Structures are given as C-alpha cells and as structure tokens.
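Peer 1: I have a structure I would like to understand better, so I am pasting it below and will then ask my questions one at a time.
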2 protein chains.
Amino acid sequence: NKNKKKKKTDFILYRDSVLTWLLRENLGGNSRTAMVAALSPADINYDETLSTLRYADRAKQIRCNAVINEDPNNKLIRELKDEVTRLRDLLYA
Amino acid sequence: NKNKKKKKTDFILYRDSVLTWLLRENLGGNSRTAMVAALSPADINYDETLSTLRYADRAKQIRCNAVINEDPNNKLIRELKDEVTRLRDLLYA
C-alpha cells in the first residue's frame with residue numbers, strides 16, 4: 001500500500017489449518033469484516049490481555065476489498081445503454 | 001439446360017425391372033413427374049423417417065445446410081456497439 005506498489009509476491013499461506021482455509025474469503029478478498037476482542041480485567045491475566053491487544057491492533061492494519069459483482073453481460077449491457085443515452089443526449093441537444 | 005450440349009442420349013435403362021418397364025412411356029418421352037414422401041412425427045420411429053428422407057433426397061437432390069444463431073446477449077451487445085458507432089459518427093459528422 002505505501003512502500004512503492006511493486007506487488008512483491010510474498011503470498012499469505014492459508015492451507016495450514018481448516019479454520020484459515022474456510023475463512024479464506026473473509027480474511028481477504030470480496031468481504032468486509034470486523035474483529036470483536038473480549039478482555040478480562042483481572043491483574044493476574046496480564047500477558048494474555050497484552051497478546052489480545054497487540055493482535056487486535058495488528059488486525060486493524062488489514063485491508064478488505066469487498067466488491068459487488070453481477071453477470072458481466074448484464075453489466076456491459078447497462079454500460080452500453082448509458083453510453084447510447086449519453087450520445088443521444090449529446091446529438092439531441 | 002446448363003451447357004446446351006445434350007449428353008448424347010445417356011440411353012436410360014428401363015428393361016431392368018417390370019415396374020419401370022411398364023411405365024416407360026410415362027417417365028420418358030414428353031412427360032412430367034412429381035413425387036410426395038410422407039413422414040411420421042414420433043420420436044420413437046426415427047430410422048423409418050431417416051430412410052424415407054434419404055431415399056427422398058434422390059431425384060434432383062437439393063443442396064441442404066444449417067444456420068445456427070448466436071448467444072442473444074452477444075447479439076444485443078453487438079447491436080448496442082453498432083448504434084454507439086453510428087452515434088459517435090452522428091457526433092463526428
């Protein structure tokens with residue numbers, strides 16, 4: 001996002017566990033999402049709370065790219081309909 | 001009819017079967033012929049109809065072919081693109 005834009009090919013590995021494998025799309029792809037981190041306030045539970053905080057903060061840095069898709073034929077037909085409408089408005093004026 | 005050069009007499013041969021022998025005056029000479037072939041519409045009776053069409057295909061076989069049309073969405077896209085091209089021309093001109 002910020003470095004240059006080269007699309008360094010470091011790929012994420014999701015085939016390790018079934019949990020990551022089945023949540024392939026939600027973690028990244030055509031989905032938008034939220035993380036809900038619960039916390040225990042007891043002083044004895046300090047390290048686990050810090051781990052939860054740090055990984056929630058890391059999860060904040062993640063970008064989602066949800067996009068709506070339909071039949072490309074219908075989308076192209078609608079775009080061409082808008083184009084001919086624009087041209088008709090141009091010549092009618 | 002095509003080349004003006006009658007093919008000699010191609011002496012037709014009827015003395016081969018009694019049916020064509022008795023009807024020699026009607027097929028040949030100054031005469032006209034017409035044939036009608038019946039066809040049944042059952043999907044079950046396929047090869048009967050196939051044989052009937054095959055044997056009816058003789059006697060001045062007529063050139064046959066198929067057509068096949070295209071995906072309706074593609075035709076609509078092509079028509080829209082042609083209209084857009086005309087209008088762009090309606091704009092250029």
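By convention in this document, the chains of the structure tokens carry letters A, B, ... by their order, each chain's residues are numbered from 1, and ligands are numbered from 1 in the order they are shown.
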Hey, which bits of chain A sit within 12 Å of chain B, and for each residue what's the closest pair of atoms and how far apart in Å (one decimal), counting only C-alpha atoms, rows by chain and increasing number, as JSON lines?
Peer 2:
{"residue": "A:71", "atom": "CA", "partner": "B:73", "partner_atom": "CA", "distance": 11.0}
{"residue": "A:72", "atom": "CA", "partner": "B:73", "partner_atom": "CA", "distance": 10.4}
{"residue": "A:73", "atom": "CA", "partner": "B:73", "partner_atom": "CA", "distance": 6.7}
{"residue": "A:74", "atom": "CA", "partner": "B:73", "partner_atom": "CA", "distance": 8.2}
{"residue": "A:75", "atom": "CA", "partner": "B:77", "partner_atom": "CA", "distance": 10.8}
{"residue": "A:76", "atom": "CA", "partner": "B:77", "partner_atom": "CA", "distance": 7.7}
{"residue": "A:77", "atom": "CA", "partner": "B:77", "partner_atom": "CA", "distance": 6.3}
{"residue": "A:78", "atom": "CA", "partner": "B:77", "partner_atom": "CA", "distance": 9.9}
{"residue": "A:79", "atom": "CA", "partner": "B:80", "partner_atom": "CA", "distance": 10.0}
{"residue": "A:80", "atom": "CA", "partner": "B:80", "partner_atom": "CA", "distance": 6.4}
{"residue": "A:81", "atom": "CA", "partner": "B:80", "partner_atom": "CA", "distance": 7.4}
{"residue": "A:82", "atom": "CA", "partner": "B:84", "partner_atom": "CA", "distance": 10.4}
{"residue": "A:83", "atom": "CA", "partner": "B:84", "partner_atom": "CA", "distance": 7.3}
{"residue": "A:84", "atom": "CA", "partner": "B:84", "partner_atom": "CA", "distance": 5.7}
{"residue": "A:85", "atom": "CA", "partner": "B:84", "partner_atom": "CA", "distance": 9.4}
{"residue": "A:86", "atom": "CA", "partner": "B:84", "partner_atom": "CA", "distance": 9.8}
{"residue": "A:87", "atom": "CA", "partner": "B:87", "partner_atom": "CA", "distance": 6.2}
{"residue": "A:88", "atom": "CA", "partner": "B:87", "partner_atom": "CA", "distance": 7.3}
{"residue": "A:89", "atom": "CA", "partner": "B:87", "partner_atom": "CA", "distance": 10.5}
{"residue": "A:90", "atom": "CA", "partner": "B:91", "partner_atom": "CA", "distance": 7.9}
{"residue": "A:91", "atom": "CA", "partner": "B:91", "partner_atom": "CA", "distance": 6.7}
{"residue": "A:92", "atom": "CA", "partner": "B:90", "partner_atom": "CA", "distance": 10.3}
{"residue": "A:93", "atom": "CA", "partner": "B:91", "partner_atom": "CA", "distance": 11.4}
Peer 1: Quick one: everything within 12 Å of segment 28-32 of chain B, counting only C-alpha atoms, minus sequence neighbours fewer than 6 positions away in the same chain. Send it as a VMD selection string.
Peer 2: chain B and resid 9 11 to 14 20 to 22
Peer 1: Residues of the last selection are to be written out with C-alpha atoms, as a PDB file, in the first residue's frame.
Peer 2:
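For reference, result.pdb as written:
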ATOM      1  CA  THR B   9     -28.962 -39.789 -75.181  1.00  0.00           C
ATOM      2  CA  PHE B  11     -29.715 -44.095 -73.182  1.00  0.00           C
ATOM      3  CA  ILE B  12     -31.816 -44.525 -69.993  1.00  0.00           C
ATOM      4  CA  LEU B  13     -32.269 -48.200 -68.992  1.00  0.00           C
ATOM      5  CA  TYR B  14     -35.773 -49.441 -68.059  1.00  0.00           C
ATOM      6  CA  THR B  20     -40.016 -49.142 -64.773  1.00  0.00           C
ATOM      7  CA  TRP B  21     -40.595 -51.238 -67.904  1.00  0.00           C
ATOM      8  CA  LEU B  22     -44.379 -50.845 -67.960  1.00  0.00           C
TER       9      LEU B  22
END
Peer 1: Can you check the Cα RMSD once chain A has been least-squares fitted onto chain B over every paired atom, in order?
Peer 2: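 Here the RMSD amounts to 16.3 Å.
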Peer 1: Go through chain A and collect every residue that DSSP, computed from the backbone, puts in helix (DSSP H, G or I); the answer should be as a ChimeraX atom specification.
Peer 2: /A:18-22,24-27,47-60,72-92
Peer 1: How far is it from atom CA of residue 2 of chain A to atom CA of residue 68 of chain A, in Å with one decimal?
Peer 2: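 Between atom CA of residue 2 of chain A and atom CA of residue 68 of chain A the gap works out to 25.4 Å.
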Peer 1: Leaving out residue 56 of chain B and any residue of its chain fewer than 2 positions from it, which residues lie within 12 Å of it when counting only C-alpha atoms, given as a PyMOL selection string?
Peer 2: chain B and resi 34-39+49-54+58-62
